[PDB]
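Chemist: coords.tsv (TSV, C-alpha atoms and all ligand atoms) pasted underneath:
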chain	number	residue	atom	x	y	z
U	18	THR	CA	-0.06	0.17	-1.75
U	19	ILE	CA	3.58	0.63	-0.74
U	20	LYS	CA	5.88	3.20	-2.22
U	21	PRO	CA	8.27	1.11	-4.34
U	22	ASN	CA	11.29	-0.24	-2.48
U	23	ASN	CA	13.91	-2.94	-3.03
U	24	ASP	CA	13.69	-4.46	0.47
U	25	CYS	CA	10.03	-5.57	0.27
U	26	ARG	CA	8.77	-8.73	-1.44
U	27	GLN	CA	5.36	-10.31	-2.04
U	28	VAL	CA	4.28	-13.60	-0.46
U	29	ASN	CA	1.18	-15.79	-0.37
U	30	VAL	CA	0.23	-15.46	3.29
U	31	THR	CA	-1.94	-18.60	3.45
U	32	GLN	CA	0.88	-20.72	1.99
U	33	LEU	CA	2.95	-20.49	5.19
U	34	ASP	CA	3.48	-22.49	8.36
U	35	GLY	CA	0.50	-22.02	10.66
U	36	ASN	CA	-1.46	-19.76	8.29
U	37	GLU	CA	-3.65	-22.49	6.75
U	38	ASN	CA	-6.82	-20.82	8.07
U	39	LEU	CA	-5.60	-17.27	8.69
U	40	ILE	CA	-8.06	-15.42	6.44
U	41	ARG	CA	-10.98	-17.88	6.56
U	42	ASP	CA	-11.32	-17.62	10.34
U	43	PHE	CA	-11.24	-13.83	9.97
U	44	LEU	CA	-14.03	-13.76	7.38
U	45	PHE	CA	-16.15	-16.21	9.39
U	46	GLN	CA	-16.02	-14.05	12.53
U	47	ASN	CA	-19.62	-12.81	12.28
U	48	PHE	CA	-21.31	-15.42	10.04
U	49	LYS	CA	-21.54	-18.31	12.50
U	50	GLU	CA	-24.73	-19.83	11.06
U	51	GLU	CA	-25.19	-22.38	8.27
U	52	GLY	CA	-25.83	-21.32	4.68
U	53	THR	CA	-24.53	-18.80	2.16
U	54	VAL	CA	-24.01	-15.05	2.58
U	55	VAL	CA	-21.93	-12.24	1.09
U	56	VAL	CA	-19.79	-9.95	3.27
U	57	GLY	CA	-18.15	-6.71	2.16
U	58	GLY	CA	-15.45	-4.52	3.63
U	59	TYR	CA	-11.75	-3.74	3.80
U	60	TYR	CA	-10.72	-7.37	4.11
U	61	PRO	CA	-7.20	-8.70	3.51
U	62	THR	CA	-6.24	-10.27	0.20
U	63	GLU	CA	-4.05	-13.30	-0.53
U	64	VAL	CA	-0.79	-11.47	-1.32
U	65	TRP	CA	0.99	-9.84	1.62
U	66	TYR	CA	4.40	-8.16	1.95
U	67	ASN	CA	7.53	-9.36	3.75
U	68	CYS	CA	10.00	-6.48	4.11
U	69	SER	CA	13.48	-7.36	5.38
U	70	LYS	CA	17.07	-6.17	5.12
U	71	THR	CA	20.28	-8.12	5.73
U	72	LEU	CA	22.23	-5.18	7.16
U	73	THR	CA	21.56	-3.72	10.61
U	74	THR	CA	20.41	-0.26	9.51
U	75	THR	CA	17.12	1.32	10.53
U	76	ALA	CA	14.74	0.98	7.59
U	77	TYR	CA	11.20	2.18	6.88
U	78	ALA	CA	8.27	1.27	4.67
U	79	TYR	CA	5.48	3.64	3.65
U	80	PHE	CA	1.89	2.70	2.82
U	81	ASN	CA	-0.13	5.32	0.96
U	82	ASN	CA	-3.92	5.72	0.78
U	83	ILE	CA	-5.02	2.74	2.88
U	84	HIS	CA	-8.12	2.28	5.02
U	85	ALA	CA	-7.00	-0.84	6.90
U	86	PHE	CA	-3.76	-2.48	8.00
U	87	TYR	CA	-3.30	-6.15	8.92
U	88	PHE	CA	-0.33	-8.24	10.01
U	89	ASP	CA	0.45	-11.79	11.13
U	90	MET	CA	3.35	-13.22	13.11
U	91	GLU	CA	5.17	-16.49	13.67
U	92	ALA	CA	4.80	-18.79	16.66
U	93	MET	CA	6.49	-17.50	19.80
U	94	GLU	CA	9.03	-19.78	21.44
U	95	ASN	CA	7.92	-21.36	24.73
U	96	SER	CA	4.42	-20.01	24.13
U	97	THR	CA	3.02	-21.95	27.09
U	98	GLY	CA	5.26	-20.06	29.52
U	99	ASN	CA	7.82	-17.25	29.24
U	100	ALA	CA	7.20	-16.47	25.58
U	101	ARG	CA	9.88	-14.58	23.65
U	102	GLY	CA	8.44	-12.17	21.10
U	103	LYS	CA	9.64	-10.34	18.00
U	104	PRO	CA	9.61	-6.56	17.42
U	105	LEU	CA	7.47	-4.45	15.12
U	106	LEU	CA	6.58	-0.75	15.07
U	107	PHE	CA	4.12	1.14	12.92
U	108	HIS	CA	2.63	4.62	13.12
U	109	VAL	CA	-0.81	5.63	11.86
U	110	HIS	CA	-0.86	9.34	11.04
U	111	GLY	CA	-3.54	11.93	11.66
U	112	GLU	CA	-4.44	15.26	13.20
U	113	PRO	CA	-4.81	16.21	15.99
U	114	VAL	CA	-4.15	12.62	17.16
U	115	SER	CA	-1.98	9.81	15.78
U	116	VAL	CA	-1.29	6.28	17.04
U	117	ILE	CA	1.98	4.38	17.48
U	118	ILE	CA	1.76	0.59	17.84
U	119	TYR	CA	4.89	-1.12	19.16
U	120	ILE	CA	5.45	-4.84	19.75
U	121	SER	CA	8.64	-5.21	21.77
U	122	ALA	CA	10.86	-8.29	21.86
U	123	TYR	CA	12.21	-10.70	24.49
U	124	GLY	CA	10.26	-12.14	27.42
U	125	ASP	CA	10.28	-11.64	31.19
U	126	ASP	CA	13.56	-9.72	30.96
U	127	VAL	CA	12.65	-6.19	29.79
U	128	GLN	CA	12.77	-3.78	32.72
U	129	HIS	CA	9.47	-2.26	33.88
U	130	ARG	CA	7.45	-4.06	31.23
U	131	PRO	CA	4.39	-5.88	32.62
U	132	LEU	CA	4.74	-9.65	32.42
U	133	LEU	CA	3.54	-11.31	29.20
U	134	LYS	CA	2.36	-8.00	27.68
U	135	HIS	CA	4.48	-7.43	24.57
U	136	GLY	CA	2.15	-4.88	22.94
U	137	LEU	CA	2.08	-1.12	23.48
U	138	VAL	CA	-0.23	1.58	22.11
U	139	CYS	CA	0.86	5.22	22.32
U	140	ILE	CA	-1.86	7.74	21.49
U	141	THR	CA	0.02	10.95	20.74
U	142	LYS	CA	-0.49	14.54	19.65
U	143	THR	CA	3.19	15.31	19.00
U	144	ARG	CA	3.92	16.02	15.34
U	145	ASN	CA	7.45	14.71	14.72
U	146	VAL	CA	8.29	11.43	16.46
U	147	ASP	CA	11.87	10.19	16.90
U	148	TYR	CA	11.80	6.44	16.31
U	149	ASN	CA	15.43	5.98	17.39
U	150	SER	CA	14.59	7.21	20.89
U	151	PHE	CA	11.36	5.20	20.85
U	152	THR	CA	13.05	1.89	19.99
U	153	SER	CA	16.41	2.51	21.71
U	154	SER	CA	15.36	3.58	25.22
U	155	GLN	CA	14.08	1.71	28.26
U	156	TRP	CA	10.43	0.65	28.35
U	157	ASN	CA	9.61	3.00	31.24
U	158	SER	CA	10.57	6.09	29.20
U	159	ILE	CA	9.22	5.04	25.79
U	160	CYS	CA	5.75	6.66	25.75
U	161	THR	CA	5.60	9.21	28.58
U	162	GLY	CA	4.73	12.88	29.09
U	163	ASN	CA	1.21	13.94	28.09
U	164	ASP	CA	0.66	11.03	25.69
U	165	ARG	CA	-1.70	8.14	26.41
U	166	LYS	CA	0.00	4.79	27.04
U	167	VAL	CA	-2.01	1.55	26.85
U	168	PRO	CA	-0.09	-1.71	27.32
U	169	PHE	CA	-1.78	-4.80	25.95
U	170	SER	CA	-0.99	-8.50	25.65
U	171	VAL	CA	-0.70	-10.15	22.26
U	172	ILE	CA	-1.66	-13.81	22.53
U	173	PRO	CA	1.33	-16.19	22.51
U	174	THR	CA	-0.94	-19.23	22.87
U	175	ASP	CA	-2.51	-18.74	19.43
U	176	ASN	CA	0.91	-19.55	17.89
U	177	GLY	CA	0.46	-16.78	15.33
U	178	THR	CA	-2.61	-18.41	13.79
U	179	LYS	CA	-4.81	-15.33	14.38
U	180	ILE	CA	-4.65	-12.17	12.29
U	181	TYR	CA	-3.98	-8.81	13.93
U	182	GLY	CA	-5.33	-5.66	12.36
U	183	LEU	CA	-6.69	-2.14	12.47
U	184	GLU	CA	-9.28	-0.16	10.51
U	185	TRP	CA	-10.10	3.52	10.79
U	186	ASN	CA	-12.81	5.87	9.57
U	187	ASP	CA	-13.72	9.44	10.51
U	188	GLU	CA	-16.04	8.29	13.32
U	189	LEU	CA	-14.80	4.87	14.51
U	190	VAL	CA	-11.64	2.78	14.91
U	191	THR	CA	-11.81	-1.02	15.00
U	192	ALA	CA	-8.96	-3.19	16.29
U	193	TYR	CA	-8.95	-6.92	15.52
U	194	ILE	CA	-6.91	-9.07	17.91
U	195	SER	CA	-7.14	-12.77	18.80
U	196	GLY	CA	-10.66	-13.69	17.64
U	197	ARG	CA	-12.26	-10.46	18.83
U	198	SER	CA	-12.77	-6.87	17.71
U	199	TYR	CA	-12.74	-3.75	19.89
U	200	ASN	CA	-14.20	-0.37	18.96
U	201	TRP	CA	-13.06	3.16	19.77
U	202	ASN	CA	-15.18	6.27	19.21
U	203	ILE	CA	-12.83	9.15	18.34
U	204	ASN	CA	-13.04	12.09	15.94
U	205	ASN	CA	-9.66	12.58	14.27
U	206	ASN	CA	-8.63	13.58	10.75
U	207	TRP	CA	-6.72	10.54	9.52
U	208	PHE	CA	-4.23	11.01	6.69
U	209	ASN	CA	-4.85	7.40	5.54
U	210	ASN	CA	-1.19	6.36	5.54
U	211	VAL	CA	1.06	4.29	7.80
U	212	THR	CA	4.81	4.41	8.43
U	213	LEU	CA	6.25	0.99	9.27
U	214	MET	CA	9.67	0.30	10.81
U	215	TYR	CA	10.64	-3.28	9.99
U	216	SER	CA	14.42	-3.45	10.51
U	217	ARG	CA	16.70	-1.94	13.14
U	218	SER	CA	19.66	-2.87	15.34
U	219	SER	CA	19.39	-4.96	18.49
U	220	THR	CA	18.64	-2.78	21.51
U	221	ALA	CA	16.89	-2.91	24.89
U	222	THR	CA	13.58	-3.97	23.32
U	223	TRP	CA	14.41	-4.72	19.66
U	224	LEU	CA	15.75	-7.98	18.23
U	225	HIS	CA	17.02	-8.09	14.65
U	226	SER	CA	14.70	-10.54	12.88
U	227	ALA	CA	11.90	-10.78	10.30
U	228	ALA	CA	8.87	-12.60	11.71
U	229	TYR	CA	5.97	-10.46	10.45
U	230	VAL	CA	4.12	-10.02	7.16
U	231	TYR	CA	1.85	-7.04	6.61
U	232	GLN	CA	-0.71	-5.68	4.18
U	233	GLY	CA	-2.54	-2.39	3.74
U	234	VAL	CA	-6.06	-2.46	2.34
U	235	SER	CA	-7.56	0.39	0.31
U	236	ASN	CA	-10.37	-1.22	-1.71
U	237	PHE	CA	-13.78	-2.58	-0.77
U	238	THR	CA	-13.88	-6.36	-1.21
U	239	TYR	CA	-16.82	-8.78	-1.32
U	240	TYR	CA	-16.57	-12.44	-0.32
U	241	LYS	CA	-19.13	-15.22	-0.71
U	242	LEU	CA	-19.15	-17.33	2.46
U	243	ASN	CA	-20.59	-20.86	2.26
U	244	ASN	CA	-21.04	-22.99	5.39
U	245	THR	CA	-22.41	-26.44	4.53
U	246	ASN	CA	-22.47	-29.25	7.12
U	247	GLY	CA	-19.53	-27.77	9.01
U	248	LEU	CA	-17.45	-27.26	5.85
U	249	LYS	CA	-16.63	-23.56	5.57
U	250	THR	CA	-15.48	-21.98	2.30
U	251	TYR	CA	-15.10	-18.50	0.85
U	252	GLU	CA	-14.74	-17.14	-2.67
U	253	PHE	CA	-14.10	-13.81	-4.36
U	254	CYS	CA	-17.02	-11.93	-5.92
U	255	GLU	CA	-16.43	-10.13	-9.21
U	256	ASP	CA	-19.89	-8.76	-10.07
U	257	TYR	CA	-19.99	-5.59	-7.97
U	258	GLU	CA	-23.58	-4.55	-8.76
U	259	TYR	CA	-24.74	-8.08	-7.89
U	260	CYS	CA	-22.92	-8.58	-4.58
U	261	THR	CA	-23.93	-5.20	-3.17
U	262	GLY	CA	-27.54	-6.36	-3.40
U	263	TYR	CA	-26.69	-9.86	-2.22
U	264	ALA	CA	-25.05	-8.46	0.93
U	265	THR	CA	-27.97	-6.12	1.65
U	266	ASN	CA	-30.89	-8.40	0.76
U	301	LIG	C1	9.23	-21.79	29.43
U	301	LIG	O1	8.55	-21.01	30.38
U	301	LIG	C2	8.33	-21.70	31.59
U	301	LIG	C3	7.33	-20.93	32.43
U	301	LIG	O2	7.82	-19.64	32.69
U	301	LIG	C4	7.42	-19.27	34.03
U	301	LIG	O3	6.08	-18.84	34.04
U	301	LIG	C5	5.78	-17.70	33.25
U	301	LIG	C6	4.28	-17.48	33.33
U	301	LIG	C7	6.59	-16.49	33.73
U	301	LIG	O4	6.27	-16.10	35.04
U	301	LIG	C8	8.07	-16.86	33.68
U	301	LIG	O5	8.91	-15.86	34.20
U	301	LIG	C9	8.32	-18.13	34.50
U	301	LIG	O6	9.66	-18.56	34.41
U	301	LIG	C10	9.67	-21.97	32.28
U	301	LIG	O7	9.49	-22.76	33.43
U	301	LIG	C11	10.32	-22.27	34.50
U	301	LIG	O8	11.62	-22.81	34.41
U	301	LIG	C12	12.51	-22.34	35.41
U	301	LIG	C13	13.91	-22.80	35.07
U	301	LIG	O9	14.83	-22.20	35.94
U	301	LIG	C14	12.01	-22.84	36.77
U	301	LIG	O10	12.81	-22.35	37.83
U	301	LIG	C15	10.59	-22.32	37.00
U	301	LIG	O11	10.03	-22.85	38.17
U	301	LIG	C16	9.69	-22.70	35.83
U	301	LIG	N1	8.39	-22.10	36.00
U	301	LIG	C17	7.24	-22.78	35.94
U	301	LIG	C18	6.00	-21.95	36.15
U	301	LIG	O12	7.17	-23.98	35.73
U	301	LIG	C19	10.57	-22.75	31.32
U	301	LIG	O13	11.88	-22.85	31.80
U	301	LIG	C20	10.64	-22.10	29.95
U	301	LIG	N2	11.34	-22.96	29.03
U	301	LIG	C21	12.49	-22.65	28.40
U	301	LIG	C22	13.02	-23.71	27.48
U	301	LIG	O14	13.08	-21.59	28.55
U	302	LIG	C1	0.56	10.96	4.92
U	302	LIG	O1	-0.36	11.82	4.32
U	302	LIG	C2	-0.32	13.13	4.85
U	302	LIG	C3	-1.55	13.86	4.38
U	302	LIG	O2	-1.80	14.97	5.21
U	302	LIG	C4	1.02	13.78	4.48
U	302	LIG	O3	1.22	15.00	5.16
U	302	LIG	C5	1.10	16.12	4.26
U	302	LIG	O4	2.06	16.10	3.23
U	302	LIG	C6	1.89	17.15	2.29
U	302	LIG	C7	2.84	16.93	1.14
U	302	LIG	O5	2.65	17.92	0.16
U	302	LIG	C8	2.06	18.50	2.98
U	302	LIG	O6	1.75	19.57	2.11
U	302	LIG	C9	1.12	18.61	4.17
U	302	LIG	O7	1.35	19.76	4.93
U	302	LIG	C10	1.30	17.40	5.08
U	302	LIG	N1	0.40	17.46	6.20
U	302	LIG	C11	0.75	17.27	7.49
U	302	LIG	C12	2.21	16.98	7.74
U	302	LIG	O8	-0.05	17.33	8.42
U	302	LIG	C13	2.17	12.88	4.94
U	302	LIG	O9	3.39	13.30	4.39
U	302	LIG	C14	1.97	11.42	4.54
U	302	LIG	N2	2.94	10.58	5.17
U	302	LIG	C15	3.68	9.63	4.56
U	302	LIG	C16	3.44	9.48	3.07
U	302	LIG	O10	4.50	8.94	5.14
U	303	LIG	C1	10.90	-12.78	4.78
U	303	LIG	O1	11.91	-13.09	3.86
U	303	LIG	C2	13.18	-13.21	4.48
U	303	LIG	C3	14.25	-13.20	3.42
U	303	LIG	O2	15.42	-12.63	3.95
U	303	LIG	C4	13.18	-14.47	5.36
U	303	LIG	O3	14.39	-14.56	6.06
U	303	LIG	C5	14.84	-15.93	6.16
U	303	LIG	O4	14.72	-16.37	7.49
U	303	LIG	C6	15.18	-17.69	7.73
U	303	LIG	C7	14.77	-18.10	9.12
U	303	LIG	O5	15.39	-17.26	10.06
U	303	LIG	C8	16.68	-17.72	7.49
U	303	LIG	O6	17.23	-19.00	7.70
U	303	LIG	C9	16.93	-17.36	6.03
U	303	LIG	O7	18.30	-17.29	5.73
U	303	LIG	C10	16.31	-16.01	5.69
U	303	LIG	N1	16.41	-15.78	4.27
U	303	LIG	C11	17.29	-14.97	3.66
U	303	LIG	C12	18.24	-14.23	4.57
U	303	LIG	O8	17.33	-14.81	2.45
U	303	LIG	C13	12.04	-14.35	6.37
U	303	LIG	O9	11.83	-15.54	7.09
U	303	LIG	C14	10.70	-13.99	5.71
U	303	LIG	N2	9.72	-13.71	6.73
U	303	LIG	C15	8.63	-14.45	6.99
U	303	LIG	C16	8.43	-15.67	6.11
U	303	LIG	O10	7.83	-14.18	7.87
U	304	LIG	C1	-21.90	-24.55	-0.78
U	304	LIG	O1	-21.14	-25.74	-0.79
U	304	LIG	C2	-21.92	-26.91	-0.98
U	304	LIG	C3	-21.03	-28.12	-0.78
U	304	LIG	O2	-20.87	-28.38	0.59
U	304	LIG	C4	-22.60	-26.88	-2.35
U	304	LIG	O3	-23.49	-27.98	-2.45
U	304	LIG	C5	-23.65	-28.44	-3.80
U	304	LIG	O4	-24.98	-28.21	-4.21
U	304	LIG	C6	-25.28	-28.64	-5.52
U	304	LIG	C7	-26.64	-28.12	-5.91
U	304	LIG	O5	-27.63	-28.72	-5.11
U	304	LIG	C8	-25.15	-30.16	-5.56
U	304	LIG	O6	-25.43	-30.68	-6.84
U	304	LIG	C9	-23.72	-30.54	-5.21
U	304	LIG	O7	-23.54	-31.93	-5.14
U	304	LIG	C10	-23.32	-29.94	-3.87
U	304	LIG	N1	-21.92	-30.18	-3.63
U	304	LIG	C11	-21.44	-31.05	-2.72
U	304	LIG	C12	-19.94	-31.14	-2.64
U	304	LIG	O8	-22.16	-31.73	-2.01
U	304	LIG	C13	-23.41	-25.59	-2.48
U	304	LIG	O9	-23.94	-25.38	-3.76
U	304	LIG	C14	-22.51	-24.39	-2.17
U	304	LIG	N2	-23.26	-23.17	-2.31
U	304	LIG	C15	-23.05	-22.28	-3.30
U	304	LIG	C16	-23.94	-21.06	-3.26
U	304	LIG	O10	-22.21	-22.42	-4.17
U	305	LIG	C1	0.95	-17.37	-5.01
U	305	LIG	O1	0.59	-18.59	-5.62
U	305	LIG	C2	0.26	-18.49	-6.99
U	305	LIG	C3	-0.26	-19.84	-7.44
U	305	LIG	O2	0.78	-20.79	-7.38
U	305	LIG	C4	1.48	-18.01	-7.77
U	305	LIG	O3	1.17	-17.79	-9.13
U	305	LIG	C5	1.96	-16.69	-7.19
U	305	LIG	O4	3.15	-16.26	-7.80
U	305	LIG	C6	2.22	-16.83	-5.69
U	305	LIG	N1	2.63	-15.57	-5.13
U	305	LIG	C7	3.82	-15.33	-4.56
U	305	LIG	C8	4.78	-16.50	-4.53
U	305	LIG	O5	4.14	-14.24	-4.10
U	306	LIG	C1	0.26	-23.86	20.08
U	306	LIG	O1	1.26	-24.85	20.14
U	306	LIG	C2	1.37	-25.42	21.43
U	306	LIG	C3	2.58	-26.34	21.44
U	306	LIG	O2	3.68	-25.68	20.87
U	306	LIG	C4	0.07	-26.13	21.81
U	306	LIG	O3	0.07	-26.54	23.16
U	306	LIG	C5	-1.13	-25.20	21.63
U	306	LIG	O4	-2.35	-25.87	21.77
U	306	LIG	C6	-1.10	-24.56	20.25
U	306	LIG	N1	-2.19	-23.65	20.06
U	306	LIG	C7	-3.03	-23.68	19.01
U	306	LIG	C8	-4.11	-22.63	19.01
U	306	LIG	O5	-2.93	-24.50	18.11
U	307	LIG	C1	-8.41	-1.04	-6.23
U	307	LIG	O1	-9.43	-0.28	-6.84
U	307	LIG	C2	-8.96	0.54	-7.89
U	307	LIG	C3	-10.06	1.51	-8.29
U	307	LIG	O2	-10.42	2.28	-7.17
U	307	LIG	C4	-8.49	-0.37	-9.03
U	307	LIG	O3	-7.97	0.37	-10.11
U	307	LIG	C5	-7.38	-1.27	-8.51
U	307	LIG	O4	-7.00	-2.23	-9.46
U	307	LIG	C6	-7.81	-2.01	-7.25
U	307	LIG	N1	-6.71	-2.74	-6.69
U	307	LIG	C7	-6.77	-4.02	-6.29
U	307	LIG	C8	-5.48	-4.58	-5.73
U	307	LIG	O5	-7.78	-4.70	-6.37
Step by step, read the file and then write its structure as structure tokens.
Ligand SMILES: *[C@@H]1O[C@H](CO[C@@H]2O[C@@H](C)[C@@H](O)[C@@H](O)[C@@H]2O)[C@@H](O[C@@H]2O[C@H](CO)[C@@H](O)[C@H](O)[C@H]2NC(C)=O)[C@H](O)[C@H]1NC(C)=O
Ligand SMILES: *[C@@H]1O[C@H](CO)[C@@H](O[C@@H]2O[C@H](CO)[C@@H](O)[C@H](O)[C@H]2NC(C)=O)[C@H](O)[C@H]1NC(C)=O
Ligand SMILES: *[C@@H]1O[C@H](CO)[C@@H](O[C@@H]2O[C@H](CO)[C@@H](O)[C@H](O)[C@H]2NC(C)=O)[C@H](O)[C@H]1NC(C)=O
Ligand SMILES: *[C@@H]1O[C@H](CO)[C@@H](O[C@@H]2O[C@H](CO)[C@@H](O)[C@H](O)[C@H]2NC(C)=O)[C@H](O)[C@H]1NC(C)=O
Ligand SMILES: *[C@@H]1O[C@H](CO)[C@@H](O)[C@H](O)[C@H]1NC(C)=O
Ligand SMILES: *[C@@H]1O[C@H](CO)[C@@H](O)[C@H](O)[C@H]1NC(C)=O
Ligand SMILES: *[C@@H]1O[C@H](CO)[C@@H](O)[C@H](O)[C@H]1NC(C)=O

Modeler:
Amino acid sequence: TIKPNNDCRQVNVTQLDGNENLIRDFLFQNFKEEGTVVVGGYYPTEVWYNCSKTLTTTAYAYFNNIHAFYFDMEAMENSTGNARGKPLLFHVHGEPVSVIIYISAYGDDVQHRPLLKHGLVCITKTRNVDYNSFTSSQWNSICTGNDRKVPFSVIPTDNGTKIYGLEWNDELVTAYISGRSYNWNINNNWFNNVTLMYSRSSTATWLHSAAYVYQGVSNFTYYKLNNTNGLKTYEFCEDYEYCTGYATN
């Protein structure tokens, strides 16, 4: 879904440290009973992207025509206490309202940042956003003015074993964090693309590293979920005309 670039590579997300059950626990969020069902939606696939760059130059990645965006992180150091995070910024476009999601770095050292709340949501109406000023200034002056600022705490205790994500339609926005989903009723004209900043220089809130893998989802996917005697398994469905009736009946 990305515009082609030389700094982005493909990885198998489940074949990583701590991601043994990253996607299974996401698919089994709603089907908590025993038996077999079929679930359909903009669910993540096996192959994700890991964009990185050796040099310390601000880089970008562009995702075109996507209806969902998911990412996963590594385990934060000293997760039981003063956890030190890793940075990541991405912007979901739209009119008249767009959303900037920023995960700052470091721990209980960033000035005027609430303790153990590494995540920031900036709901904005401004058209052109300067990312250098956003990721190079102090936290108190990052998202100010007439924009809406919502700090939030990513979970350091999960050790990066939970998937983070976002999905948007013309009438609802769903945010998946920890093992929960939160809804937002808003009428905005989404452009269905995301601009991701994955590499920059070290600054007041940014730390040069690569600890995230991301994926944009554009297609509808159907999974067969089978829960037998506590053993939970999922499989891809190929027959589209058969799984649309299996998920509805
Ligand atoms: C790992 O973090 C712990 C806990 O951090 C403390 O509690 C957090 C919730 C937050 O308020 C932090 O700012 C706190 O520091 C650290 O334990 C502290 O260690 C210092 C060492 O000088 C000690 O003075 C404090 O009393 C300790 N606090 C507690 C609550 O026990 C610990 O040092 C960190 N480990 C490493 C290796 O950095
Ligand atoms: C995301 O998609 C939007 C779709 O609106 C793109 O913005 C439009 O780009 C076209 C290019 O021909 C312009 O004609 C429109 O005026 C733009 N609309 C705006 C700016 O509201 C946007 O460029 C895309 N962003 C990407 C690919 O990063
Ligand atoms: C994405 O791929 C990059 C490749 O650059 C990985 O970077 C490696 O990170 C480790 C741990 O810090 C370093 O020791 C290696 O030297 C890096 N590899 C290089 C520079 O080629 C990065 O870990 C990957 N991101 C993940 C798996 O989340
Ligand atoms: C869900 O998984 C279970 C295994 O836990 C499958 O159970 C099999 O059922 C067949 C048909 O009765 C038996 O012959 C096999 O011995 C069972 N397998 C095991 C390992 O016990 C069950 O079929 C699966 N459901 C679907 C729809 O594939
Ligand atoms: C994922 O694993 C499969 C099976 O081994 C392999 O063919 C594929 O290349 C892997 N994808 C990667 C390494 O991006
Ligand atoms: C995360 O790891 C820590 C030790 O590093 C452990 O105490 C904690 O239970 C782990 N959390 C999960 C969800 O596995
Ligand atoms: C997504 O669906 C399109 C048709 O809309 C198809 O051509 C394409 O192969 C699909 N991509 C993936 C990754 O499944």

Chemist: As a list in words, please: the residues near residue 262 (chain U) (cut-off 12 Å, all atoms listed in the file, same-chain neighbours under 5 positions excluded).

Modeler: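 The residues that qualify are residues 54, 55, 56, 57, 239, 256 and 257 of chain U.
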
Chemist: Any chance you could export the current selection's C-alpha atoms as a compact mmCIF listing (two decimals), keeping the file's coordinate frame?

Modeler:
# COMPACT_ATOMS: atom_id res chain seq x y z
CA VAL U 54 -24.01 -15.05 2.58
CA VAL U 55 -21.93 -12.24 1.09
CA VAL U 56 -19.79 -9.95 3.27
CA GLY U 57 -18.15 -6.71 2.16
CA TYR U 239 -16.82 -8.78 -1.32
CA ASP U 256 -19.89 -8.76 -10.07
CA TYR U 257 -19.99 -5.59 -7.97

Chemist: Compile the contact shell of residue 23 (chain U) as an mmCIF file with C-alpha atoms, in the coordinates of the input: residues with an atom at most 10 Å away, counting only C-alpha atoms, same-chain residues fewer than 3 positions apart removed.

Modeler:
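Written file, selection00.cif:
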data_model
loop_
_atom_site.group_PDB
_atom_site.id
_atom_site.type_symbol
_atom_site.label_atom_id
_atom_site.label_comp_id
_atom_site.auth_asym_id
_atom_site.auth_seq_id
_atom_site.Cartn_x
_atom_site.Cartn_y
_atom_site.Cartn_z
ATOM 1 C CA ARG U 26 8.770 -8.730 -1.440
ATOM 2 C CA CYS U 68 10.000 -6.480 4.110
ATOM 3 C CA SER U 69 13.480 -7.360 5.380
ATOM 4 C CA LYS U 70 17.070 -6.170 5.120
#

Chemist: So that I can check the surroundings of residue 184 (chain U), please list as a PDB file with C-alpha atoms, in the coordinates of the input every protein, DNA and RNA residue that reaches within 10 Å of it, counting all atoms listed in the file and ignoring chain neighbours fewer than 2 positions away.

Modeler:
ATOM      1  CA  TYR U  59     -11.750  -3.740   3.800  1.00  0.00           C
ATOM      2  CA  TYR U  60     -10.720  -7.370   4.110  1.00  0.00           C
ATOM      3  CA  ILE U  83      -5.020   2.740   2.880  1.00  0.00           C
ATOM      4  CA  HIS U  84      -8.120   2.280   5.020  1.00  0.00           C
ATOM      5  CA  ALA U  85      -7.000  -0.840   6.900  1.00  0.00           C
ATOM      6  CA  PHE U  86      -3.760  -2.480   8.000  1.00  0.00           C
ATOM      7  CA  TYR U  87      -3.300  -6.150   8.920  1.00  0.00           C
ATOM      8  CA  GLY U 182      -5.330  -5.660  12.360  1.00  0.00           C
ATOM      9  CA  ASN U 186     -12.810   5.870   9.570  1.00  0.00           C
ATOM     10  CA  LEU U 189     -14.800   4.870  14.510  1.00  0.00           C
ATOM     11  CA  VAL U 190     -11.640   2.780  14.910  1.00  0.00           C
ATOM     12  CA  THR U 191     -11.810  -1.020  15.000  1.00  0.00           C
ATOM     13  CA  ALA U 192      -8.960  -3.190  16.290  1.00  0.00           C
ATOM     14  CA  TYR U 193      -8.950  -6.920  15.520  1.00  0.00           C
ATOM     15  CA  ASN U 200     -14.200  -0.370  18.960  1.00  0.00           C
ATOM     16  CA  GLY U 233      -2.540  -2.390   3.740  1.00  0.00           C
ATOM     17  CA  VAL U 234      -6.060  -2.460   2.340  1.00  0.00           C
TER      18      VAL U 234
END

Chemist: Collect all residues with atoms no farther than 9 Å from ligand LIG 305 (chain U), counting all atoms listed in the file, and output them as a list in words.

Modeler: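 Checking all atoms listed in the file against ligand LIG 305 (chain U) at 9 Å gives residues 26, 27, 28, 29, 30, 32, 63, 64, 65 and 66 of chain U.
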
Chemist: Between U:115, U:49, U:235, U:36, single out the one closest to residue 203 (chain U), counting only C-alpha atoms.

Modeler: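 With only C-alpha atoms as the atom set, the closest residue is U:115.
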
Chemist: With all atoms listed in the file counted, collect every polymer residue having an atom within 7 Å of ligand LIG 303 (chain U); state the result as a list in words.

Modeler: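 Checking all atoms listed in the file against ligand LIG 303 (chain U) at 7 Å gives residues 67, 68, 69, 70, 71, 90, 91, 227, 228, 229 and 230 of chain U.
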
Chemist: Using all atoms listed in the file, which residue out of U:92, U:226, U:116, U:172 lies closest to residue 33 (chain U)?

Modeler: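 Closest residue, counting all atoms listed in the file: U:92.
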
Chemist: What is the atom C2 of ligand LIG 301 (chain U) to CA of residue 128 (chain U) distance in Å?

Modeler: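 So the answer is 18.5 Å.
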